[PDB]
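Only one chain comes next, encoded as structure tokens, the form deposited in one PDB entry.
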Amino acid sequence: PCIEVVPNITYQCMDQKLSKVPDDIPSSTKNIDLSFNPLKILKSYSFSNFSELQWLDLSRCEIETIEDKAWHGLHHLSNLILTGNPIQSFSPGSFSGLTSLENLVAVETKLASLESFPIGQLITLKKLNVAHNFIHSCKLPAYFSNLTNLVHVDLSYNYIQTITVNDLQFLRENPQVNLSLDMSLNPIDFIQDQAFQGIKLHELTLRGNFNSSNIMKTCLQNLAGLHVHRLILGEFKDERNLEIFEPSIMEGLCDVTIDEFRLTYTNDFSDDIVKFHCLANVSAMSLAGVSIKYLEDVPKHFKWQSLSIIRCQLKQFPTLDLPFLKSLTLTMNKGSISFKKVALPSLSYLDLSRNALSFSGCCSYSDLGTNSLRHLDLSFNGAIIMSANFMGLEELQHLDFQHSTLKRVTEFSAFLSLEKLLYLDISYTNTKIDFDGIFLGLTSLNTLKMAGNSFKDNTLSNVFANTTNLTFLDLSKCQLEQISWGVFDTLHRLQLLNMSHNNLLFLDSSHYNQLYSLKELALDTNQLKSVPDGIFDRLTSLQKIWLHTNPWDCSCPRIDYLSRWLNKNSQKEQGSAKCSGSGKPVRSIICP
């Protein structure tokens, strides 16, 4: 029984209609997955001779009783997953011997409270998950004093309706305790005054708690005092959403102290919420799944240092003059918006990917208003028209255009001023390289990804002549039929060359003479019938080579160098080169 995953190491007994734990398992096993077996009960010393288990998963095991002493041989076990088990009685120290336990997951374990929960010995704990249970107390037992390393707790989907100054009575005792709390999906109506006074919370998640405005409004006023790092706030498309939602509802956040705010989906939304006055002193404003439609007039004093808009619904591209902003991220937009000028002189990181965004007259200082941009991701978008070669942006190390429709890139040296650029991806941009100076300027370039494109006369021309420090080059799917002389003569630091998925008919030994530091060469799935003798002999750093899916002609004496060569080097060949007609491997063939 059981599956074979990483033998004597990870196994999968999931859903093996098992009576109980099988001994027919290597003792060295470090990963078991018994979930979905009618075990019903955990007869003790069950996990005794599986002595170096790390990851135990007993989800949906129908278990009613932990006959304690069950976890004895497991000094080093970290993950224990008991989800969906009808355990009523967690009889004290039931978690016996689990000395190295970091992560405890007792979701839907029919649990009434932490009071009745025998976990005070497990100092090693960090994560505790008691979501989906029968809990009503926000309060944290006094034995957390003992659990030094506990850093996060998850009470979402319980029955907590109320938060008192006592529920929290404990964080006050140790305001040098880093804890994070998730209370999403708890039908909360009451937090009392001063409940959240002098409290130290890292991540507090309040999602889908409130049934209507007034409850939230008021519950929120009564967080006052709290210093929090990350407050996550919103509701859910599949639950009861506040029919109405006005910014007023976050009065008193102005008493709550936040560095990262994070708004999620909400039935009713108001563009005025992100302008809302109580968020001015966040250092990481952030939106997700939100139906915000415009984003203009964000007051200039605001101290947002990163902003991030994700899966939202902008109709038009933000107007932003925020001078303290270091990272903008607008991504997966519903729209097809079109880029508009900005002025964020503090900006260093711009990810505008996946918006079907359209960008006319890219790219220079004028467009952005910083001289310290290092990362421009314009990938998965629409028509990017290159009318400007990055004058002003010369601090850049990451340019991604992949899968967008770049236009005019071959009409001048469009990347001329990008002398510090380390990574360029123009793969899949429907670009046809008509011009050999396409890449002038890019003297620092390491990674060049330019698959899925094409070349004048299907010829790989001399476009790399001074992209000398190139270490990764992808020319896969570029319809190449051949390669002009000289092209690679300078790429001495090149390590990976991919020229697979092309239509090459021959190769020429005049290319590989100087790829001194090259370790990887894909030439698979072209149309080579053959290779010149000795072609690979000067590739002194070589490790892997792909050559399959070419119709190699195995007539001797022709196929001799290569057969011999691959046989000697079989270790390096990835996949398997084969003969036209016969279908036999190439390393197999022996000439007289």
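We call the rigid core the largest set of C-alpha positions that still match within 1.5 Å between the two forms. In this text, residue numbers run from 1 along the sequence as written.
As the entry records it, the average C-alpha temperature factor is higher for 173-181, out of 398-406 and 173-181. In this crystal structure, the stretch out of 451-459 and 357-365 whose C-alpha atoms carry the higher mean B factor is 357-365. Set against one another, the Cα B-factors of 284, 135, 320, 125 in the record reach their highest point at 125.
Out of 472, 512, 90, 304, it is 90 whose C-alpha atom has the highest B-factor in the PDB entry. Ranked within its chain, residue 441 lands in the lowest third, by CA B factor from the PDB record. Per the deposited record, the Cα B-factor of residue 167 falls in the highest third when ranked against the other modelled residues of its chain. Sort the chain's modelled residues by C-alpha temperature factor and residue 547 lands in the lowest third, per the entry. For residue 553, the recorded CA temperature factor ranks within the middle third of the chain's modelled residues. In this PDB entry, residue 533 carries a Cα temperature factor that places it within the middle third of its chain's modelled residues.
The form deposited in another entry exists for this protein as well; it is not shown, and the discussion that follows is about that form.
Residue showing a CA shift of 2 Å or more between the shown form and the other one (rigid core superposed; candidates 470, 285, 131, 119): 470. Relative to the superposed core, residue 391 undergoes a Cα shift smaller than 2 Å between the shown form and the other one. Core-superposed comparison between the shown form and the other one: CA of residue 505 displaced by 2 Å or more. Core-superposed comparison between the shown form and the other one: the CA of residue 230 stays below a 2 Å shift.
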